[PDB]
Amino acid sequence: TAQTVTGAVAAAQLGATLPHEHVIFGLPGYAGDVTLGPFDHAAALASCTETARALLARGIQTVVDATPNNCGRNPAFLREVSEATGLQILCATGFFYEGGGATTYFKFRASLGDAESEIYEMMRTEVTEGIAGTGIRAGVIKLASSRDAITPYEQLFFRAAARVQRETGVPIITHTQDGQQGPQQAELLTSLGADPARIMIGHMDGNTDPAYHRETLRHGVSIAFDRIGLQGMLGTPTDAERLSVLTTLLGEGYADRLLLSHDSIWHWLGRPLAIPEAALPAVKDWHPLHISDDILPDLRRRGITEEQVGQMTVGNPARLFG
């Protein structure tokens, strides 16, 4: 079964799934901006339930919320959104690339003792028992790595996650930075005995060389083109380039290892931030209805079959998260 924020759910009840999205999200530091950018709970609930309804209208029955522990993750809010709409939501346990922000805590602990075991205990507890005393369990572990390497600090989390994966069977989803380190993540996690049929290497659409994807897929893992709609921001490809690589890989029989998502943020934490005019095109399709309305029909137009589409959007998530 999949562990969702409203309880366990049968694999066959997951339905069409978006496997990497952010219902709410804050970059590390947002909490320090609380005076002028506090959480507007009513406004967030309204906006997020509206979005959940739009997804349910499109046949989407489950979303995997990939928000790390230090980026504003809020299981009780996700449960409110789920209970209000019927949309099934899985949440994550993990911390963001370091790299990234809010890293000083476990880096310091690592310097003074066995941080891997501490991380392992957090992950295990949040997967098996619950988060922050609420009884809401994480349904996926979230890992992230930097662009130029999986750093020794980041590896603490990879080794702790592999251990929890061996003991519980929990799925693992990842973040890759600027289209790098996919093969290394897959190789590291598999070498540690993690189950490749429960690993989704993320942000693989960030690289436009099919050979990079094929190398990752070699480890038996799945890969997600999960920032679909985010176009030419800070090195991201366009969707057209994404789909060009995807059609190639589909044509090589990889449909049962490919997944699709947006990495969208439905409500931003902190003060609202205005998108500069020049950047509007990059973010225009970066929202969770884009795959349903624009992408899937475009793949069908291209000769991708209904069976293949259902494999990416329903078959694979059932197997990976269920």
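Numbering starts at 1 and follows the sequence shown.
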Which is higher in the entry, the mean Cα B factor of 274-282 or that of 47-55?
-> 274-282
Select between 25-33 and 38-46 the stretch whose C-alpha atoms have the higher average B-factor in the entry.
-> 38-46
Based on the PDB record, which member of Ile119, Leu192, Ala197, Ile173 exhibits the highest Cα temperature factor?
-> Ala197
Identify, among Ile150, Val164, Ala92, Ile89, the residue whose C-alpha carries the highest B-factor in the deposited PDB entry.
-> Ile150
Of the three thirds of its chain by CA temperature factor, lowest, middle or highest, which one includes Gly72?
-> lowest
Chain-wide C-alpha B factor ranking for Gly169, given as lowest, middle or highest third | middle
When the modelled residues of the chain are sorted by Cα temperature factor, does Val221 land in the lowest, middle or highest third?
-> lowest
For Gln184, return the chain-relative third of its C-alpha B-factor as stated in the PDB record: lowest, middle or highest.
-> highest
If you rank every modelled residue in this chain by C-alpha B factor, which third holds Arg302: lowest, middle or highest?
-> highest
